[PDB]
>>> print(open('input.cif').read())   # mmCIF, C-alpha atoms and all ligand atoms
data_work
loop_
_atom_site.label_atom_id
_atom_site.label_comp_id
_atom_site.auth_asym_id
_atom_site.auth_seq_id
_atom_site.Cartn_x
_atom_site.Cartn_y
_atom_site.Cartn_z
CA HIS A 5 137.49 109.66 99.40
CA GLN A 6 136.66 112.99 101.10
CA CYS A 7 134.32 115.97 101.43
CA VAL A 8 134.59 119.70 102.07
CA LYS A 9 132.32 121.60 104.42
CA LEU A 10 130.43 124.34 102.60
CA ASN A 11 129.73 127.78 104.06
CA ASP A 12 126.11 126.77 104.79
CA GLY A 13 127.14 123.73 106.84
CA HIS A 14 126.43 121.11 104.17
CA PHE A 15 129.11 118.82 102.80
CA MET A 16 130.31 118.34 99.21
CA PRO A 17 132.32 115.34 97.93
CA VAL A 18 135.61 116.62 96.49
CA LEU A 19 135.43 114.44 93.32
CA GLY A 20 132.37 114.80 91.11
CA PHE A 21 131.13 112.99 88.03
CA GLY A 22 130.57 115.17 84.98
CA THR A 23 127.50 114.09 83.00
CA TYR A 24 127.46 116.30 79.89
CA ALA A 25 127.65 114.51 76.58
CA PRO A 26 126.98 116.10 73.19
CA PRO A 27 123.62 115.57 71.49
CA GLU A 28 124.95 112.79 69.18
CA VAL A 29 125.44 110.56 72.24
CA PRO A 30 122.26 108.57 72.94
CA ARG A 31 120.52 109.51 76.18
CA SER A 32 120.61 105.83 77.19
CA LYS A 33 124.37 106.26 77.68
CA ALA A 34 123.95 108.90 80.44
CA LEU A 35 121.79 106.41 82.33
CA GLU A 36 124.36 103.63 81.97
CA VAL A 37 127.45 105.68 82.82
CA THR A 38 125.90 107.37 85.84
CA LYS A 39 125.21 103.92 87.27
CA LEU A 40 128.83 102.96 86.51
CA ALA A 41 130.08 106.12 88.20
CA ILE A 42 128.11 105.37 91.35
CA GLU A 43 129.30 101.76 91.26
CA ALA A 44 132.93 103.00 90.98
CA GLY A 45 132.50 105.23 94.04
CA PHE A 46 131.43 108.63 92.77
CA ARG A 47 128.94 110.30 95.11
CA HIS A 48 128.80 113.77 93.60
CA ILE A 49 127.01 113.93 90.23
CA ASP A 50 126.93 117.14 88.18
CA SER A 51 124.03 117.72 85.80
CA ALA A 52 121.99 120.68 84.48
CA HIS A 53 118.85 121.56 82.56
CA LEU A 54 121.12 122.37 79.56
CA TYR A 55 122.40 118.78 79.38
CA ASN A 56 119.07 117.17 78.36
CA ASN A 57 119.91 114.26 80.68
CA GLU A 58 118.38 114.91 84.10
CA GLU A 59 115.76 112.20 83.57
CA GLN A 60 118.50 109.62 82.88
CA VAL A 61 120.82 110.83 85.67
CA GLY A 62 117.89 110.71 88.10
CA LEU A 63 116.90 107.22 86.88
CA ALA A 64 120.46 106.06 87.50
CA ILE A 65 120.43 107.45 91.04
CA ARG A 66 117.02 105.89 91.79
CA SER A 67 118.26 102.56 90.37
CA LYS A 68 121.28 102.52 92.66
CA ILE A 69 119.09 103.40 95.64
CA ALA A 70 116.64 100.65 94.74
CA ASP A 71 119.35 98.02 94.44
CA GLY A 72 120.63 99.02 97.90
CA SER A 73 124.03 100.35 96.77
CA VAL A 74 123.48 103.86 98.17
CA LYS A 75 120.89 105.90 100.01
CA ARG A 76 119.62 109.26 98.71
CA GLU A 77 121.56 110.99 101.51
CA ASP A 78 124.81 109.46 100.20
CA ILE A 79 124.48 111.19 96.81
CA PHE A 80 125.32 114.85 96.16
CA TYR A 81 123.28 115.84 93.08
CA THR A 82 123.82 119.20 91.33
CA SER A 83 121.56 120.84 88.81
CA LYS A 84 121.77 124.28 87.22
CA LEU A 85 119.36 127.04 86.25
CA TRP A 86 119.67 127.70 82.54
CA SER A 87 120.13 131.27 81.38
CA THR A 88 116.68 131.51 79.77
CA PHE A 89 115.28 131.27 83.34
CA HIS A 90 117.11 134.11 85.11
CA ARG A 91 114.02 136.27 85.52
CA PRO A 92 113.13 135.75 89.19
CA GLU A 93 109.62 134.35 88.65
CA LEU A 94 111.08 131.59 86.43
CA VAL A 95 113.66 130.30 88.95
CA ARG A 96 111.49 128.13 91.21
CA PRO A 97 109.48 126.63 88.30
CA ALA A 98 112.78 125.76 86.53
CA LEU A 99 114.00 123.97 89.67
CA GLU A 100 110.69 122.16 90.17
CA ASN A 101 110.83 121.02 86.53
CA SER A 102 114.36 119.66 87.01
CA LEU A 103 113.18 117.86 90.15
CA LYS A 104 110.19 116.37 88.26
CA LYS A 105 112.45 115.13 85.44
CA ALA A 106 114.99 113.58 87.83
CA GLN A 107 112.18 112.32 90.12
CA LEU A 108 113.97 113.71 93.15
CA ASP A 109 112.52 115.62 96.06
CA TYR A 110 115.50 117.99 96.33
CA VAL A 111 118.85 118.77 94.74
CA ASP A 112 121.96 118.98 96.88
CA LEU A 113 123.12 122.01 94.95
CA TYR A 114 121.45 124.38 92.55
CA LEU A 115 123.64 126.76 90.54
CA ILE A 116 123.16 129.74 88.31
CA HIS A 117 124.74 128.15 85.21
CA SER A 118 126.11 131.42 83.72
CA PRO A 119 125.86 135.16 84.52
CA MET A 120 124.82 135.83 80.90
CA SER A 121 121.05 135.89 80.51
CA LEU A 122 119.19 134.71 77.43
CA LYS A 123 115.72 135.51 76.03
CA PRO A 124 113.07 133.66 78.08
CA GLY A 125 111.38 130.88 76.17
CA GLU A 126 111.54 127.15 75.55
CA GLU A 127 114.60 127.23 73.30
CA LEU A 128 117.92 126.62 75.02
CA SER A 129 119.73 128.81 72.45
CA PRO A 130 117.24 131.46 71.22
CA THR A 131 118.40 133.08 67.98
CA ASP A 132 117.22 135.91 65.75
CA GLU A 133 116.79 136.01 61.94
CA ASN A 134 120.56 136.39 61.48
CA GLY A 135 121.41 133.34 63.60
CA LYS A 136 122.69 135.44 66.52
CA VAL A 137 121.94 134.44 70.09
CA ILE A 138 119.35 136.70 71.74
CA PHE A 139 120.51 137.90 75.14
CA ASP A 140 118.38 139.28 77.95
CA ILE A 141 119.15 141.76 80.74
CA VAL A 142 118.35 140.63 84.29
CA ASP A 143 119.40 141.89 87.69
CA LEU A 144 121.21 138.78 88.97
CA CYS A 145 120.70 139.93 92.53
CA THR A 146 116.98 139.30 91.97
CA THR A 147 117.82 135.90 90.49
CA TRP A 148 119.88 135.24 93.59
CA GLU A 149 116.97 136.22 95.88
CA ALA A 150 114.82 133.66 94.05
CA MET A 151 117.53 131.02 94.53
CA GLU A 152 117.63 131.82 98.28
CA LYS A 153 113.86 131.14 98.43
CA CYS A 154 114.46 127.74 96.82
CA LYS A 155 116.89 126.89 99.63
CA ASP A 156 114.43 128.11 102.26
CA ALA A 157 111.76 125.91 100.63
CA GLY A 158 114.04 122.87 100.96
CA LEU A 159 114.12 122.27 97.18
CA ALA A 160 117.92 122.90 97.10
CA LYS A 161 120.11 122.08 100.09
CA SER A 162 122.76 124.54 98.90
CA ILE A 163 122.90 127.23 96.23
CA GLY A 164 125.82 128.57 94.24
CA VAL A 165 127.00 130.03 90.94
CA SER A 166 128.95 129.06 87.86
CA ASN A 167 131.11 131.01 85.40
CA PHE A 168 131.14 134.09 87.64
CA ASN A 169 134.22 136.29 87.72
CA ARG A 170 135.38 138.19 90.82
CA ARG A 171 133.29 141.30 90.00
CA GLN A 172 130.14 139.23 89.56
CA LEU A 173 130.73 137.36 92.83
CA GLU A 174 131.22 140.70 94.58
CA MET A 175 127.86 141.92 93.28
CA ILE A 176 126.21 139.00 95.11
CA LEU A 177 128.37 139.15 98.22
CA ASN A 178 127.68 142.87 98.55
CA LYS A 179 123.90 142.69 98.00
CA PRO A 180 121.93 144.38 100.81
CA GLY A 181 119.96 141.82 102.78
CA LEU A 182 121.93 138.84 101.41
CA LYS A 183 120.80 135.74 103.30
CA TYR A 184 122.96 133.00 101.77
CA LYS A 185 126.36 133.38 100.18
CA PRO A 186 127.05 131.13 97.20
CA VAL A 187 128.65 127.94 98.45
CA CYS A 188 130.68 127.54 95.27
CA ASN A 189 131.67 128.97 91.93
CA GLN A 190 131.97 126.26 89.28
CA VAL A 191 134.39 127.51 86.61
CA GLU A 192 136.76 126.25 83.90
CA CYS A 193 139.94 125.27 85.70
CA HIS A 194 142.86 123.09 84.60
CA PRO A 195 146.64 123.45 84.37
CA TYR A 196 146.40 125.58 81.22
CA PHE A 197 143.95 128.02 82.95
CA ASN A 198 144.51 127.48 86.65
CA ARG A 199 142.42 130.40 87.98
CA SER A 200 144.92 131.13 90.76
CA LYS A 201 143.61 134.71 91.28
CA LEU A 202 139.96 133.69 91.40
CA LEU A 203 140.87 130.75 93.64
CA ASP A 204 142.53 133.05 96.18
CA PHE A 205 139.50 135.34 96.03
CA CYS A 206 137.07 132.46 96.63
CA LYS A 207 139.13 131.07 99.51
CA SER A 208 139.06 134.49 101.22
CA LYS A 209 135.22 134.42 101.04
CA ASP A 210 134.77 130.70 102.04
CA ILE A 211 133.46 129.91 98.54
CA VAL A 212 134.56 126.61 97.06
CA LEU A 213 135.96 126.73 93.54
CA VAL A 214 134.66 123.74 91.53
CA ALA A 215 136.71 122.93 88.43
CA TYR A 216 135.18 121.89 85.12
CA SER A 217 137.06 120.85 82.00
CA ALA A 218 139.71 119.76 84.49
CA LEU A 219 140.88 117.14 81.97
CA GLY A 220 141.07 119.70 79.17
CA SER A 221 137.44 119.56 77.93
CA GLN A 222 135.74 117.29 75.40
CA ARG A 223 137.17 119.50 72.65
CA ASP A 224 133.71 119.81 71.17
CA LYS A 225 133.94 120.78 67.51
CA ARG A 226 131.18 123.38 67.94
CA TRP A 227 133.41 125.59 70.09
CA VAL A 228 136.99 124.31 70.44
CA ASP A 229 139.62 125.13 67.83
CA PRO A 230 141.26 121.78 66.94
CA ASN A 231 144.59 123.59 66.99
CA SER A 232 144.39 124.41 70.71
CA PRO A 233 146.82 122.44 72.89
CA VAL A 234 145.58 119.06 74.18
CA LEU A 235 145.97 119.19 77.97
CA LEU A 236 146.40 115.45 78.46
CA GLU A 237 149.32 115.41 75.96
CA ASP A 238 151.28 117.94 78.00
CA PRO A 239 154.90 116.78 78.53
CA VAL A 240 154.96 117.84 82.19
CA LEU A 241 151.78 115.95 82.96
CA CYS A 242 153.22 112.97 81.09
CA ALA A 243 156.50 113.09 83.03
CA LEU A 244 154.65 113.35 86.32
CA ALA A 245 152.39 110.41 85.38
CA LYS A 246 155.54 108.36 84.78
CA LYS A 247 157.10 109.42 88.10
CA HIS A 248 153.97 108.31 89.93
CA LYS A 249 152.88 105.33 87.78
CA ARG A 250 149.59 107.15 87.11
CA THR A 251 148.08 108.77 84.01
CA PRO A 252 148.06 112.43 82.88
CA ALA A 253 144.37 112.63 83.74
CA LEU A 254 145.03 111.45 87.28
CA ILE A 255 147.83 114.06 87.64
CA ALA A 256 145.45 116.78 86.47
CA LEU A 257 142.70 115.71 88.93
CA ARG A 258 145.10 115.33 91.88
CA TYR A 259 146.51 118.80 91.20
CA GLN A 260 143.15 120.37 91.91
CA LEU A 261 142.55 118.37 95.09
CA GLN A 262 145.88 119.47 96.57
CA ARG A 263 145.21 123.15 95.88
CA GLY A 264 141.80 123.17 97.60
CA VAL A 265 139.66 122.84 94.45
CA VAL A 266 136.69 120.41 94.13
CA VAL A 267 137.15 118.66 90.78
CA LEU A 268 134.70 117.25 88.21
CA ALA A 269 135.66 114.56 85.69
CA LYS A 270 133.43 113.52 82.78
CA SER A 271 133.95 110.08 81.29
CA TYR A 272 131.55 107.84 79.39
CA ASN A 273 134.02 104.92 79.40
CA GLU A 274 133.79 102.35 82.23
CA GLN A 275 137.56 101.90 82.63
CA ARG A 276 138.32 105.65 82.68
CA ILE A 277 135.43 106.27 85.09
CA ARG A 278 136.92 103.68 87.45
CA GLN A 279 140.44 105.02 86.84
CA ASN A 280 139.45 108.53 87.93
CA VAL A 281 138.45 107.36 91.43
CA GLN A 282 142.16 106.40 91.89
CA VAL A 283 142.88 110.14 92.41
CA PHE A 284 142.63 109.35 96.14
CA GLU A 285 145.43 106.77 96.07
CA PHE A 286 148.52 108.94 95.60
CA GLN A 287 149.99 112.33 96.26
CA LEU A 288 151.93 114.97 94.34
CA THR A 289 154.91 116.59 96.04
CA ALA A 290 155.24 120.34 96.55
CA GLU A 291 157.77 120.33 93.68
CA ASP A 292 155.29 118.50 91.44
CA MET A 293 152.62 121.06 92.32
CA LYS A 294 154.97 123.93 91.39
CA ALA A 295 155.73 122.31 88.03
CA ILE A 296 152.01 122.01 87.21
CA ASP A 297 151.44 125.62 88.39
CA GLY A 298 153.97 126.60 85.68
CA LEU A 299 151.70 125.24 82.93
CA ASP A 300 149.21 128.19 83.11
CA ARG A 301 148.65 129.77 79.73
CA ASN A 302 145.29 131.49 80.08
CA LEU A 303 143.80 129.00 77.62
CA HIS A 304 139.97 128.91 77.76
CA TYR A 305 138.34 125.93 76.12
CA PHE A 306 134.94 127.61 76.86
CA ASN A 307 134.08 131.12 75.66
CA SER A 308 131.03 133.07 74.37
CA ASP A 309 130.60 130.72 71.40
CA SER A 310 129.51 128.01 73.86
CA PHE A 311 126.05 129.58 74.26
CA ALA A 312 125.14 128.77 70.65
CA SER A 313 124.44 125.41 68.97
CA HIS A 314 122.58 123.71 71.80
CA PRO A 315 119.57 122.04 70.11
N1 LIG B 401 129.42 125.90 82.48
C1 LIG B 401 129.63 124.91 83.38
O1 LIG B 401 129.30 124.99 84.59
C2 LIG B 401 130.34 123.66 82.83
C3 LIG B 401 131.04 123.73 81.65
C4 LIG B 401 131.67 122.58 81.18
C5 LIG B 401 131.57 121.44 81.93
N2 LIG B 401 130.85 121.43 83.08
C6 LIG B 401 130.63 120.17 83.89
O2 LIG B 401 131.99 119.60 84.06
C7 LIG B 401 132.03 118.23 83.43
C8 LIG B 401 133.51 117.90 83.02
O3 LIG B 401 133.96 118.92 82.09
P1 LIG B 401 134.04 118.47 80.55
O4 LIG B 401 132.73 117.89 80.07
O5 LIG B 401 134.59 119.65 79.78
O6 LIG B 401 135.10 117.18 80.45
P2 LIG B 401 136.47 116.86 81.24
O7 LIG B 401 136.14 116.43 82.65
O8 LIG B 401 137.49 117.93 81.05
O9 LIG B 401 136.88 115.60 80.38
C9 LIG B 401 137.31 115.67 79.03
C10 LIG B 401 137.43 114.27 78.40
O10 LIG B 401 138.42 113.51 79.30
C11 LIG B 401 138.32 112.20 78.98
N3 LIG B 401 138.66 111.47 80.18
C12 LIG B 401 138.11 111.31 81.38
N4 LIG B 401 138.84 110.56 82.17
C13 LIG B 401 139.96 110.26 81.39
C14 LIG B 401 141.01 109.47 81.77
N5 LIG B 401 141.26 108.86 83.01
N6 LIG B 401 142.05 109.27 80.92
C15 LIG B 401 141.92 109.86 79.69
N7 LIG B 401 140.87 110.64 79.26
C16 LIG B 401 139.88 110.81 80.16
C17 LIG B 401 136.80 112.00 78.69
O11 LIG B 401 136.62 111.23 77.57
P3 LIG B 401 135.77 109.80 77.71
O12 LIG B 401 134.32 110.08 77.94
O13 LIG B 401 135.94 109.15 76.37
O14 LIG B 401 136.39 109.01 78.81
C18 LIG B 401 136.31 113.49 78.50
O15 LIG B 401 135.52 113.60 77.25
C19 LIG B 401 131.00 118.35 82.48
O16 LIG B 401 130.54 117.05 82.05
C20 LIG B 401 129.87 119.19 83.26
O17 LIG B 401 129.30 118.22 84.17
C21 LIG B 401 130.22 122.50 83.55
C1 LIG B 402 128.21 121.97 77.25
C2 LIG B 402 128.31 123.28 77.95
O1 LIG B 402 128.36 124.44 77.33
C3 LIG B 402 128.45 125.42 78.21
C4 LIG B 402 128.54 126.86 77.83
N1 LIG B 402 128.17 127.88 78.80
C5 LIG B 402 126.76 128.15 78.96
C6 LIG B 402 129.10 128.59 79.52
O2 LIG B 402 128.78 129.44 80.29
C7 LIG B 402 130.56 128.28 79.33
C8 LIG B 402 131.54 129.37 79.75
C9 LIG B 402 131.42 130.62 78.94
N2 LIG B 402 132.12 131.75 79.19
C10 LIG B 402 131.71 132.62 78.24
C11 LIG B 402 132.11 134.01 78.01
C12 LIG B 402 131.83 134.51 76.62
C13 LIG B 402 133.23 134.17 77.02
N3 LIG B 402 130.79 131.99 77.47
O3 LIG B 402 130.62 130.76 77.90
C14 LIG B 402 128.44 124.89 79.52
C15 LIG B 402 128.35 123.50 79.34
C16 LIG B 402 128.32 122.54 80.49
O4 LIG B 402 128.77 121.37 80.41
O5 LIG B 402 127.81 122.94 81.55
#
>>> encode(input="input.cif", output="structure tokens", more="lines below")
Ligand SMILES: NC(=O)c1ccc[n+]([C@@H]2O[C@H](COP(=O)([O-])OP(=O)(O)OC[C@H]3O[C@@H](n4cnc5c(N)ncnc54)[C@H](OP(=O)(O)O)[C@@H]3O)[C@@H](O)[C@H]2O)c1
Ligand SMILES: Cc1oc(CN(C)C(=O)CCc2nc(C3CC3)no2)cc1C(=O)O
Amino acid sequence: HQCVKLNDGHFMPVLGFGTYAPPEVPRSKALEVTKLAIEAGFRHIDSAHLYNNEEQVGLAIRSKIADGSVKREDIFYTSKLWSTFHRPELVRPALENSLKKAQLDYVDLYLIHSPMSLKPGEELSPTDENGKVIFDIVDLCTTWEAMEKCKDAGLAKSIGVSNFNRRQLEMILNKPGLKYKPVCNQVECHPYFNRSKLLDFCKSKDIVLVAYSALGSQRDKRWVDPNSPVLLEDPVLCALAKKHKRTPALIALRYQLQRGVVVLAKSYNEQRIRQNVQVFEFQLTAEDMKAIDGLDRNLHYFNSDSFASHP
């Protein structure tokens, strides 16, 4: 197991547990699998207001504190500001609401979930008469200032962003009077979309890149074309899993660790959850890393359609 030091001095475990499940999955499952993830050795847990599970993820964390398995300081908990709450006066109340649902006094990391802003309101996915998502226009530098106040208040130990491109990161990094840089940029990253350019940019600014859909996404029918390639069926990943006596998923997770990327892995299955912690047990060679680097195909499992159809 291991951690990376963030640019604000805090530490982030390099393997994180992804908690999103689609709305057809009962919320009782998020509670159960987050306990399993902690039992298996995960200490970084990634949630969000969008996921409609912070109450269950927080109950799981509290349960594993109460049974003496971990202390609160051993757990790195992430939440995210949803895009209906970008207007600066909504940022601290959104964080306080997440804290009240999770029954936590602070989050380890609070992220701007997306640079695209949506109409303020109670709906996650506000839509007009024609079924189109209603966007909003917000100066994200003001959103960032409100996030910095949340860190100064102690409600978030660290603050960062998600789904930002280089230009959007530069807008923050170049803001006059910037007090805290983002510690991370959590973005889609896997061998079919390896983000090498953004990764080199983030390294030059001491910003950690955190990979999501590192196992190729849940292929949710709302947004993923069934005809897109299945990452875990890739022949290179399969050959490398055979060389190492591992699985394609483990190859995909270890790839990110060796290139300096913090990696998330969602699983709601006890055996796969426990399997993913084995990413610390083996190593890819430089040749194996070059082969995986050759898989890049600019394939995005997440695009603009992923803002719609959240009930
Ligand atoms: N906008 C954002 O910031 C953003 C976007 C997307 C995701 N995320 C975060 O990143 C997390 C992970 O991304 P993701 O939800 O797209 O899923 P993922 O980590 O790419 O995983 C995809 C699927 O892999 C399967 N899996 C896991 N371990 C496996 C193993 N050892 N062997 C075979 N299959 C395995 C899981 O199925 P089973 O459950 O059946 O095991 C999972 O549904 C999310 O849950 C969320 O926390 C953030
Ligand atoms: C279940 C779920 O859905 C989402 C979708 N969102 C809000 C994103 O920002 C994804 C990336 C994205 N890029 C774009 C540009 C329009 C091309 N549109 O969307 C995140 C999660 C999660 O697990 O966090």
>>> residues_near_ligand(input="input.cif", ligand="ligand LIG 401 (chain B)", cutoff="6 Å", atoms="all atoms listed in the file", output="mmCIF file with C-alpha atoms, in the coordinates of the input")
data_model
loop_
_atom_site.group_PDB
_atom_site.id
_atom_site.type_symbol
_atom_site.label_atom_id
_atom_site.label_comp_id
_atom_site.auth_asym_id
_atom_site.auth_seq_id
_atom_site.Cartn_x
_atom_site.Cartn_y
_atom_site.Cartn_z
ATOM 1 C CA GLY A 22 130.570 115.170 84.980
ATOM 2 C CA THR A 23 127.500 114.090 83.000
ATOM 3 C CA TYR A 24 127.460 116.300 79.890
ATOM 4 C CA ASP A 50 126.930 117.140 88.180
ATOM 5 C CA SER A 51 124.030 117.720 85.800
ATOM 6 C CA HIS A 117 124.740 128.150 85.210
ATOM 7 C CA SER A 166 128.950 129.060 87.860
ATOM 8 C CA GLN A 190 131.970 126.260 89.280
ATOM 9 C CA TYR A 216 135.180 121.890 85.120
ATOM 10 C CA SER A 217 137.060 120.850 82.000
ATOM 11 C CA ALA A 218 139.710 119.760 84.490
ATOM 12 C CA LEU A 219 140.880 117.140 81.970
ATOM 13 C CA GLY A 220 141.070 119.700 79.170
ATOM 14 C CA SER A 221 137.440 119.560 77.930
ATOM 15 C CA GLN A 222 135.740 117.290 75.400
ATOM 16 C CA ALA A 253 144.370 112.630 83.740
ATOM 17 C CA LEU A 268 134.700 117.250 88.210
ATOM 18 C CA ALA A 269 135.660 114.560 85.690
ATOM 19 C CA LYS A 270 133.430 113.520 82.780
ATOM 20 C CA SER A 271 133.950 110.080 81.290
ATOM 21 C CA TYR A 272 131.550 107.840 79.390
ATOM 22 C CA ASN A 273 134.020 104.920 79.400
ATOM 23 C CA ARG A 276 138.320 105.650 82.680
ATOM 24 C CA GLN A 279 140.440 105.020 86.840
ATOM 25 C CA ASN A 280 139.450 108.530 87.930
#
>>> residues_around(input="input.cif", residues="residue 187 of chain A", least_positions_apart="4", cutoff="10 Å", atoms="all atoms listed in the file", output="list in words")
residues 9, 10, 11, 12, 13, 14, 16, 113, 114, 115, 162, 163, 164, 165, 206, 209, 210, 211, 212 and 213 of chain A
>>> axis_aligned_box(input="input.cif", around="ligand LIG 402 (chain B)", padding_each_side="5 Å", output="lines of an AutoDock Vina configuration file")
center_x = 130.0
center_y = 127.9
center_z = 79.1
size_x = 16.5
size_y = 23.1
size_z = 14.9
>>> residues_around(input="input.cif", residues="residue 304 of chain A", least_positions_apart="5", cutoff="9 Å", atoms="all atoms listed in the file", output="MDAnalysis selection string")
chainID A and resid 192:193 196:197
>>> write_last_selection(input="input.cif", atoms="C-alpha atoms", output="compact mmCIF listing (two decimals), in the frame of the given file")
# COMPACT_ATOMS: atom_id res chain seq x y z
CA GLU A 192 136.76 126.25 83.90
CA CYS A 193 139.94 125.27 85.70
CA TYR A 196 146.40 125.58 81.22
CA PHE A 197 143.95 128.02 82.95
>>> residues_near_ligand(input="input.cif", ligand="ligand LIG 402 (chain B)", cutoff="10 Å", atoms="all atoms listed in the file", output="MDAnalysis selection string")
chainID A and resid 22:27 50:55 83:84 86:87 116:121 128:129 166:169 190:192 216:217 221:222 224 226:227 270 304:314
>>> residues_around(input="input.cif", residues="residue 66 of chain A", least_positions_apart="4", cutoff="10 Å", atoms="only C-alpha atoms", output="list in words")
residues 39, 60, 61, 62, 70, 71, 72, 74, 75, 76, 106, 107 and 108 of chain A
>>> residues_around(input="input.cif", residues="residue 263 of chain A", least_positions_apart="3", cutoff="10 Å", atoms="only C-alpha atoms", output="PDB file with C-alpha atoms, in the frame of the given file")
ATOM      1  CA  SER A 200     144.920 131.130  90.760  1.00  0.00           C
ATOM      2  CA  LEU A 203     140.870 130.750  93.640  1.00  0.00           C
ATOM      3  CA  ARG A 258     145.100 115.330  91.880  1.00  0.00           C
ATOM      4  CA  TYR A 259     146.510 118.800  91.200  1.00  0.00           C
ATOM      5  CA  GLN A 260     143.150 120.370  91.910  1.00  0.00           C
ATOM      6  CA  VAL A 266     136.690 120.410  94.130  1.00  0.00           C
ATOM      7  CA  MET A 293     152.620 121.060  92.320  1.00  0.00           C
TER       8      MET A 293
END
>>> closest_residue(input="input.cif", among="A:63, A:223, A:123, A:149", to="residue 31 of chain A", atoms="all atoms listed in the file")
A:63
>>> atom_distance(input="input.cif", atom1="atom CA of residue 122 of chain A", atom2="atom CA of residue 141 of chain A")
7.8 Å
>>> closest_residue(input="input.cif", among="A:214, A:144, A:44, A:173", to="residue 82 of chain A", atoms="all atoms listed in the file")
A:214
>>> residues_around(input="input.cif", residues="residue 145 of chain A", least_positions_apart="6", cutoff="12 Å", atoms="all atoms listed in the file", output="ChimeraX atom specification")
/A:90-92,116,119,151-152,165,172-186
>>> atom_distance(input="input.cif", atom1="atom CA of residue 18 of chain A", atom2="atom CA of residue 41 of chain A")
14.5 Å
>>> closest_residue(input="input.cif", among="A:127, A:240, A:81, A:111", to="residue 158 of chain A", atoms="all atoms listed in the file")
A:111
>>> atom_distance(input="input.cif", atom1="atom CA of residue 204 of chain A", atom2="atom CA of residue 148 of chain A")
22.9 Å
>>> residues_near_point(input="input.cif", point="(145.3, 114.2, 77.7)", cutoff="7 Å", atoms="all atoms listed in the file", output="list in words")
residues 219, 234, 235, 236, 237, 252 and 253 of chain A
